[PDB]
Each structure stands twice: as structure tokens, then as C-alpha cells.
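Quick setup: one chain, the form deposited in one PDB entry, written in C-alpha cells, and binding and motion questions come after.
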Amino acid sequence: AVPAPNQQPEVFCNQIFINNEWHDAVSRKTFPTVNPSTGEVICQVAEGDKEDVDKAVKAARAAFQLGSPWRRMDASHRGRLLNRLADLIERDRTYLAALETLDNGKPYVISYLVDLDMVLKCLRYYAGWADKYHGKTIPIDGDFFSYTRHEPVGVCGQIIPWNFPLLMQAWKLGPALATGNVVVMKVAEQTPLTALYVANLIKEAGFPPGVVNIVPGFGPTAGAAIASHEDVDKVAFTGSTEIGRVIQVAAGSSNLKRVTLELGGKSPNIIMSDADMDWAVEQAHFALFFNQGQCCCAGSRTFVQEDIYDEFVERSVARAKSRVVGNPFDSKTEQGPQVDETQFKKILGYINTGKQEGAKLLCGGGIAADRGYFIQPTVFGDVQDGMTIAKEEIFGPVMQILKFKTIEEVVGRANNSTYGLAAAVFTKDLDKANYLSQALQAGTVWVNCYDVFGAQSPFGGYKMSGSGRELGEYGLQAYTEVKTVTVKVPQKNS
């Protein structure tokens, strides 16, 4: 029941969003955005700069002053504003899905049924938490009355990736606005249009000026300026590991602001010999090739027991060869183009390196179309732990299948990594499922499923995959600082 899409929607939101008004860059420099399906320029977006970041941060700080309309606003009213924003987004669902498809390149059906549905669910979920994050009345010793108040941390600088523009923007705006903070958001240079349109919808919803500010920046300049600003109380970053380390170093060296990181990973996928063959094959294919493999928790490493290795490999190759690649607006299309040329060339180089290392190429391994950044679904068999493709995040539609013999060995091999963002287990035995769920050192473990993301369930990673959580009640912890008030009383009684 997908409505008819407009393949070339109009683009007008291309400036910096500050104080519920659109301002051009101080340097007047603009950067172009490229449609990945065809390689042509969609529109020109103003390039964020350090001075623009300073203006946005000053506006946010002014909006966060004590006694301001945002600070005096009731929590239930903040939830009502979030619900109003969600309703406004749902009103323009078709246009937002079309713009997301045009800018990112993901299939329109996926954008309409998955991305925007999850955005609405996340916004409406964090609308509820506005007036339900209670404190505590501490029963301290002596004739004292102690209690804790949950207060907004302050100005929050948020940097979102390009794989899920709307979804990550919702995940960042939900808890921040629910807890009463002000946001100075930096969007990815690849996909800036959807965030700007959402900012216009935010202005329409009725948020006070300066609460939400979006600065579209082209490069690490705006991100570094946000992470190094003194008035930014907290910085939240989601992206590559190197940029995350740079942001953390800059934040620690600037004002010791709170830092929350959500980096990439090398999430494994374990298939036990007793698992349902068809369901396991389909779920592994979906886990690896979802969003053209541009997922932080993609199941790149697929561990299959020696008993069912041959049949699983054959079924996976057959399924991958039948995947449809083409124009995302087409109904039959299952895989769209890559986000940009850089990722296209990086994935091609990764495929070439994997072929050089001796991994068996089962299918794909080349360009899918002469125009656009389309890559054929690639599957690598007989992959070893020493191979580069088995250790680095390809971040593309490349499948690697590894063989294991015993459960202890597969646990040791899966946990032998610097990333613990996610993991999966496919089996029908209760004991094996429990043991694998407990032993695996992953932030999220899925049993007989994959990519089951809910706003209620927190998401995070161990080791160097990041720190903290971004979903559920745990997400509210990062955007809140606890204040303890102790009052002397004439006499305390139980």
C-alpha cells in the first residue's frame, strides 16, 4: 500500500536553521549534494562554518537561559510538542520518503515502510518519556530529607551519519527534547535535505526559537567546531571510529564535555547445525544486504557450522544472485546505489583486496550499472580470520562466510575482535541459545532474527564500538545530569 512517489521532488530547504529562521553561511560558501542514483547534483546547500556554529550555539544558550519559555515549559507540554512534530511528519510522509530516496539512494518502499515508520515510532515513544522520568527521594541517615532532581544537561551538539538521516535525526532529537535540552545539530554532507525539511517542520510545530538548530556543514570543520565549543555541555557522535576518537580527544581537551559515541562494528552471525535452513539463509541475507550493506550492525562475518556449510553457501549464493539492483523508485528494486563515489571506490578496493588474499569469490564482485554507484551483490566463501575483509568494516554489499567446528571455538573467534556492536545466533536448542547469548561480548544479541530495532529496546556496543546507549529509557541517562538536594528537618520519622 505504498503511495505513488514523485521521483524528482522540489528542494527548497538548503540553508542553516538558527532561531527558527534560515540564514546563509557567513562566508557565503555552498556545497553541492549529488543524487546517488544518477550522479547529478540535486541542489546547493550552504556550507557550515565555525562562525555559524558559534551563532547557533549562542542562540541555543539564549534559549536555554533560566526563565525562558523552553525552561518554564511543562514536561507534558514537551511531550505534546513531540507528538505534534510526529503528526506533522506523518502528514508529509510521502514527500519525506521521496526526498530520502532521492538523496540517500535506498529503495522508496524501504524509505516509506521502514525508515519513516521507525522515525514516527521513535518520536512518539520519546514523547511519552517527557513527563515520566522521575527522580528519587533518598532515605539518607540523620534528620535530613534528601532527593534527586533530573535536569537537562544543557546545549547538546549532535552529529548524525548519512546511512539513516531521518532515523538517526529522530534518535538524537527524541531524548534530547524529551529531557528538556537544546540541540545544535550537524548533519552529514551527503544527505542534508531531509534534516532541513524536518527543521522547517519543527519550526511549524511550535517549538520556541533556538531550541533546535541545524547547521549543514561540509567536512570535519563544523563537527570539530561543535565538539570544541566551550558552551556545548554534551556532544553525541555516531560514525567512523577515527572521527569518534578525534571528537573525544578534542572534547576532552576543550572543556571536558560529556561525550557519547556510537561507532561501527564487525558484527558476526552464527548459524548452528540445528537451525531452520530457509529462515537462517533468508535472515542472514537480509542482515548483510540491508540498506546496501550500509548498516553499522551489518552481519559481515557469517559463521556456519561444517555440517551445513555447503547447503548454506549454495542457498546464500542463489539468493544473492537473484537480488534486484536498479532504480530505487522502481517497485521491483531491492538494492539501490551507494551513498557516494568514495564509498563506491572503497567497496571496489575491498572486493579486490579480498580476491587478492585468496578468498573464494562465489558471486558478484563488480559494478552493477554503467551509471550511478551500483555494485553487484558479492559473496566471499572460505574466509579466514587473518584476511583483511574479515577484520575491517567494508560497509558494503559484500558477504563473507566462515566455517567453524565447535561452539567454544566459534565463541572464541567471534569475541576475538575490537568491535562488539551486535551479534546473532540461529538455533532451535534452548541451552545453546542461552549459552551463546551469555557468552557473546556484543551490545545486542539477536536469536533467530536480525535488525529487530525497537525504540523501547536500548542499542549500544562494547569494546571500541562506542559507549552508552541511544534507545529506550537508557537513552535518557546521557541527556540528564542529576542534582541532589539535602534539607535539614526538625525530626525524621520512618
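The first residue of the shown sequence is 1; numbering continues from there.
Unshown form solved in complex with a small molecule; subsequent notes refer to it.
Highlighted residues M118, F164 and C295: every one comes within 4.5 Å of the small molecule in the deposited bound form, counting any heavy atom. Taking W171, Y197, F312, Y373 one by one, only a single residue has any non-hydrogen atom within 4.5 Å of the small molecule in the deposited bound form, and it is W171. Of the residues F329, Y125, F290, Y112, just one reaches the small molecule in the deposited bound form with a heavy atom at 4.5 Å or closer; this is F290. In short, of 64-72, 425-433, 451-459, 44-52 it is 451-459 that has heavy atoms within 4.5 Å of the small molecule in the deposited bound form.
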